[PDB]
Structures are given as structure tokens and as C-alpha cells.
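So the structure is just underneath, and the comments pick up after that.
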Amino acid sequence: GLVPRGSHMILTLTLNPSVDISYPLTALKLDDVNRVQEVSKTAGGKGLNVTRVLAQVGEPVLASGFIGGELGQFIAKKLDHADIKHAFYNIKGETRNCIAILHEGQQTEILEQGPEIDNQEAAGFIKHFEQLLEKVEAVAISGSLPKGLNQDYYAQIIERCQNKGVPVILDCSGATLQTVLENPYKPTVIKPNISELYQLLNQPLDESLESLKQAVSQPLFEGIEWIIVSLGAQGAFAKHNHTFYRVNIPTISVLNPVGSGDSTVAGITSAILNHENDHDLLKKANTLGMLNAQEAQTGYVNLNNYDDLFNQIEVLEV
Amino acid sequence: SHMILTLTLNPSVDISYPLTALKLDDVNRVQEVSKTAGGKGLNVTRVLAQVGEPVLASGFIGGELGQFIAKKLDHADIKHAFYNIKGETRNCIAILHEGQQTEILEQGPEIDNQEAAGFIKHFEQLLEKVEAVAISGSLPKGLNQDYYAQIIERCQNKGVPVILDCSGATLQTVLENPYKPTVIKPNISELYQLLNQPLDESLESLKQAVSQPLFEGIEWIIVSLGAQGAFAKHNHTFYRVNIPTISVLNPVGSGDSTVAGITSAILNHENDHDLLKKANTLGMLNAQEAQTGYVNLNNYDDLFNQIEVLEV
């Protein structure tokens, strides 16, 4: 089989990756020495969890964003080992660490701000991104902006995509998302869960179908092709153009839900790339999300459990 | 060859997280993070570089975190000649939160037999360009227990003095072997732990303890007594070090500074009074500092002059 020369590929963006350090502890002794033998150190960031799920699904994918220093080199080594292709922009600063302490039933995290991106690097990445766009049919953007970047930076990136007709799946939240929602350059897919959605509008939460319909049809969400809203265990609600869907998912036994959002993003972006119909797009997004939740690993899916759950998902035009 | 070799067989990339509160089971966001080349022998090195002493750092490093260490040393203009390994140099974490130091220490990499013998050959060639060796810390995972004895054998052959700063079962393996460090520095509690003897602060018990067959063939034995000062044995002579008063802000790495002081004195063939004061002045200087393995040498002279040394 020949190595492809065209544009049939996903680009993931992880603008603030980290070297995640995991410390499983039987107890965290505060104000003392905690000795540990089994530390796991990985290439972290939501965009990289998306990339990993896409590689499992078998989709062509290229990871980019900003890396720097020895820790950026460590990130690169890790992706190389996993046979994951990447084209990160090198910066003068150093990629961050993030700590997760797994102890006594608890995840105690320490999250580093990370490097400052200067002006030449911010501009140069845009030129880099533009080059990468020539060989790409979809772009998945995950996580918040590193320090030093203009708060319109995703809007700039989305604008480059829209000109070339390359669809954007945006997974970011808070002010970051809101900044994009208020700008003229629209992502193709956004995916806030039900509380996030109403918070964005500054309205009380309401699970009623009619109320979710009005919420997603509001001015804030104008021009976004897909809005895909998680209602939790009771599946999802989605709006495609002006068509509404209730996605009904089966009861599952979950273990670790972190990275289900990342897995959903991989499923959406895979379905986009492939031009899957609405039902298929929705079923894939929710299956990957559910499979990951069933795993102890973050941004990992067991593909031999995919088809049985997929067959249990029901999509209704509502 | 007028140079000190420091040995840091198990260094770390130390990460330091100063927090207002450590919120457990929650996200703690941090902005001001300090990442440094860590390990006792590197503290010795930094203190020796402060004093202006010719120094070269060696030991094992691996992967990207090993390169971070080299880079940090390069920036500090500290010379190094490490031996690279297939494993990764470890991280060590310190969370400083509401008066507490909560530490996470990784075991670190395993060293294989080719790497262990590789370092021995590398160390022997380094030994041709140095006049004193300071050894700090314990053995990384995978190394034969005899490894320090092997290193010291090489130094003894070459007539190069070894200042040994290591503890517990690690030090005990050395004491029982034929090839001797020139200087050891166990504290008083540690001294009696070695003999499996009850802790006695008595001077005669101390003279006896330091003269027991476990410590035979060791030139300098320097025992910290706390604020009191020190008790030391040089060949057959016994000294007592009378040290002034200071406020201790951070007493971590005070031993490192004392090793740097003992080792500098050995390099420059200083007399016995001058060595004990210098060992003690650097140790106190560091105890006054917030920075681990750091001394303010402005206060050196006055603190040095307030030190008396008595043969007892």
C-alpha cells in the first residue's frame, strides 16, 4: 500500500501540550517524603488524546501546536514511538509539566501555566499552519490558549480554515469558546455539554427538549453547522443546520470519564473527514465517548467493543 | 589536575511548586515554577563554584531530562563530564504549601552492567585530571552494592582523596571494605546507628565510638553535634568545633555545603583548624539561606573568625 500524497488527513492542534507525570500513591504524606517507583510520564494535552484515539480508529492524522525545550523533545520522542506523525512549531520557551497525584481515592493535580509564546512565534505558527492546511481536510482544535497569544488566535486559525473550506471541530470552553462564538469565523462543530451551554447564554439549566431547541438556536451559536450537546447518561442533543436530534445511548459501566470528550472529538472529526451521514456521525461520536469512559486509560478505546454499543444507539429527528 | 571531581550518581530534575494552599483532590494552578539540576553532589558543585574552586561534575544522566541537567549546568558555566545511560533521569517534586514541604521522590532509572563498567572506565580517565573526589548520595537502582568501594579503589590507586557523604547501608558497605574514603561526615545520631549503639553525647563515648574497628583507616571523621558545633577525629587527634549563633531558615543541603568546604580545604592543603572552621562556616551559611546548596560569602569572614577550634 502506497503512502498517500493528497489532503485526506486530520490535523489536530494542541497549542499547550504538557509532559504529564502520574504518581500512583498508596498514601500522600503531606509535609514528608513520598517515595515512588512506578511513575508514568506521557505526552499530554487534549489534542494529543484526540490524535491517539484517531490513530486507534485508523484515520490519517498529523499533530501540531507549539513545543519547546527538552520537554518538547520528550513529547516528540513519545509520538515517534507511537508512530504518530507531528509537525510542531519550535519555540524559545519550554513545554510545561503537569502533575497528577493518584492517592487514597483522589486525583491531586498541579497544572503549570507553561511557556509564553512571543510575537514572531505566534505569527510564524500561523504561516506554518497555513502550509499544513494544504494537505488537510479537517482540523480538530482542543484546549485553551498558551500565554502570550492574542485572545483572537483561534479565530485567526478558523479564518484560515474557512477560506480553504476545511471544517473545524472546536473543543474549548469558557471565555475561549465564547471569543470564537462572537467572532465572524465559525467552527463547523462545537460540543458543549448541557451546563456549559446555558452558562454561555447566562440562563438557568433546562433539560426540556423545547428549551434546548431554543438555547442552541440563539444568536451566540449562529453559523455553526453542528452543535452536539451531552446530556450525560441520557445520551445527547444535537442541532445540524436546522435539524434536531435526540441521541439515545444504553446504560454503561464507566471507570474513568476523562478523555471521553477527547474521544468524542475524535469520533466527530473522523466522521467529518469521511462525510458520514448525521446518524452515523452521532453514533460514532457517542460510541467512542462511551468506550473511553469504560477504560481505565485516558483517551483510549477498545475497538472490539465498538460495534455492540453502536448497535444500541438510537437517533431521533425531534 | 588542580580540580575537584564531584560525583552525583543519581541526580534529578527537581521541580518546586510554591502554593498558597495545596488543595487535594482538586486542580492547583501554578505560574512560578522552579526547575533545577538536583542532587546532593550538584549542590556541592554549586557551592564549590561559588567559592571559586575548579570543579567538574560527573555521574549518570539519561534522555531528555539528562540533557536538561547538562543545559542548566552550561548556563551556570559549570563544567560536567557525565556518563549517559539508556534510562531517563528522574524528576523529584517539592510542594511548598502553608509552611510545609511535601516531597515526591522517584526511584529513577536502572543502570545495567555495561553502563556500570562503562562509567568505571570513564571515571578512571577523569581521575587523571583531578586532585580530590567528593561523593554524595546513594546508588541508583541496578548497581552492584560494591560500586562506591570500586570507585574508591580507583582513587586510592591514584592517591586522590575521597570525601564521602553517604549514609546508612550505603556508607556501611564502604566502611567494611579495604579501600577507604579520606573523609567521612556522619552526624552524631548516625555515628551510633552505625555501631548499633545507643546515642551517647558523652565526649569519651564519642572518642571511643570514633575509634572503633568500623571506622579504621579513615583519616578525617567529622561529626556534627547540631548547634553545639562539631566533634572530629584526624588520625589520633581529636578536635571540638565551637560555633556561633545563627537563625536557621532552611537546614537542607547544609551537609552539601560542609562537603564542599571539607573538599576545598583538602584541595588547597589547608591546615586542620582551617578545614574544620571552613567546613562549619559553609554549613552555617547555607543554613541561613533559603536556597538549598547556596552560601552568602559576605558573612563568611565574620562567621569564620567567631569559630574557635579546641584539641580535646
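Chains A and B, in that order, are what the protein sequence lines are. -7 is the number of the first residue of the first sequence in the authors' numbering; add one for each residue after it. -1 is the number of the first residue of the second sequence in the authors' numbering; add one for each residue after it. Think of the CB as a built atom: it goes at the ideal place given N, C-alpha and C, for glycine as much as any other residue.
Residues near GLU30 (chain A) in its chain [Cβ-Cβ closer than 8 angstroms; skip 5 each side] = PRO16
For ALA258 (chain B), does the count of other Cβ atoms within 10 angstroms reach 16, so buried, or fall short, so exposed?
-> buried
Using 8 angstroms as the threshold, is the stretch 194 to 212 of chain B in touch with the stretch 261 to 273 of chain B, meaning 3 or more CB pairs across them?
-> no
Hey, could you find the ends of the alpha helix (DSSP H) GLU108 (chain B) is sitting in?
-> Per DSSP, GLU108 (chain B) belongs to no alpha helix (DSSP H) and is neither H nor E.
According to DSSP, what are the bridge partners of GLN191 (chain B)?
-> Per DSSP, none; premise fails for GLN191 (chain B).
When Cβ atoms are compared, which residues of the stretch 91 to 107 of chain A fall closer than 7 angstroms to chain B?
-> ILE91, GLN98, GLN99, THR100, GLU101, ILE102, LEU103, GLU104, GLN105
Do we get a CB-CB distance below 8 angstroms when we pair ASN89 (chain A) with the residues of chain B?
-> yes
Would you say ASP23 (chain B) faces chain A, with C-beta separation under 8 angstroms as the test?
-> yes
Does the beta carbon of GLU62 (chain A) come closer than 8 angstroms to any beta carbon on chain B?
-> yes
From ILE91 (chain B) to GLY291 (chain B), what does the alpha carbon distance come to, in whole angstroms?
-> 17 angstroms
Along the stretch 13 to 37 of chain A, what residues have a CB closer than 9 angstroms to any CB found in chain B?
-> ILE13, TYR15, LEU17, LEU20, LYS21, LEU22, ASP23, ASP24, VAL25, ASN26, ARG27, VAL28, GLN29, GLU30, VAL31, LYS33
Alpha carbon to alpha carbon, how far is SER32 (chain B) from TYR81 (chain B)? Give it in angstroms, no decimals.
-> 25 angstroms
Below 7 angstroms CB to CB, which residues in the same chain sit around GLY135 (chain A) once its five sequence neighbours on both sides are set aside?
-> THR6, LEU7, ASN8, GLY37, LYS38, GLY39, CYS164
Neighbouring residues, chain A, relative to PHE66 (chain B) (Cβ below 9 angstroms) = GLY61, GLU62, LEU63, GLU86
In three-state DSSP terms, what is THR235 (chain B)?
-> strand
Who pairs with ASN89 (chain A) in a beta bridge, going by DSSP?
-> A:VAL11
From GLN98 (chain A) to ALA19 (chain A), what does the alpha carbon distance come to, in whole angstroms?
-> 10 angstroms
Taking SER222 (chain B) as part of the beta strand (DSSP E), name the residues at either end of that continuous run.
-> 218 to 222
Which residue comes first and which comes last in the alpha helix (DSSP H) that contains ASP72 (chain A)?
-> 61 to 73
Boundaries of the alpha helix (DSSP H) in which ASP23 (chain A) is found, first to last residue | Run containing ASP23 (chain A): none; DSSP gives neither H nor E here.
Residue nearest to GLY251 (chain B) in terms of C-alpha spacing, selected from B:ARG44, B:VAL131, B:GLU151 | B:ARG44
Once you ignore the five residues that flank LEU193 (chain B) on each side, which residues in its own chain have a CB closer than 8 angstroms to its CB?
-> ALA207, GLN210, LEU212
In chain order, what residues of the same chain lie with their CB nearer than 7 angstroms to the CB of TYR298 (chain B), ignoring the 5 residues before and after it?
-> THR279, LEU283
DSSP state of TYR177 (chain B) mapped onto helix, strand, coil | coil
Closest Cβ-Cβ distance between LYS70 (chain A) and chain B: below 8 angstroms?
-> no
Taking all protein chains shown into account, do 16 or more other C-beta atoms lie within 10 angstroms of the C-beta of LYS275 (chain B), making it buried, or fewer, making it exposed?
-> buried
Would the beta-carbon of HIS78 (chain B) fall within 8 angstroms of that of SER56 (chain B)?
-> yes
For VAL160 (chain B), three-class secondary structure by DSSP = strand
Measure the C-alpha to C-alpha separation of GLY64 (chain A) and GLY61 (chain B) and round it to an integer number of angstroms.
-> 12 angstroms
Could you pull the start and end residues of the alpha helix (DSSP H) that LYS276 (chain A) belongs to?
-> 270 to 285
Do three or more CB pairs link the stretch 143 to 150 of chain B to the stretch 165 to 176 of chain B at distances below 8 angstroms?
-> yes
Candidates A:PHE66, A:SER255, A:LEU3, A:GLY140: which alpha carbon is nearest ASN111 (chain A)'s?
-> A:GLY140
Between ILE83 (chain B) and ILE109 (chain B), which are expected to be in contact by the criterion C-beta below 8 angstroms, what is the C-beta distance as a whole number of angstroms?
-> 6 angstroms
Return the first residue and the last residue of the beta strand (DSSP E) that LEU125 (chain B) is part of.
-> That residue, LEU125 (chain B), is in no beta strand (DSSP E); it is neither H nor E in DSSP.
Whole-angstrom distance between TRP218 (chain A) and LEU94 (chain A), CA atom to CA atom = 36 angstroms
Quick one: what does DSSP say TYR81 (chain A) is sitting in, helix, strand or coil?
-> strand
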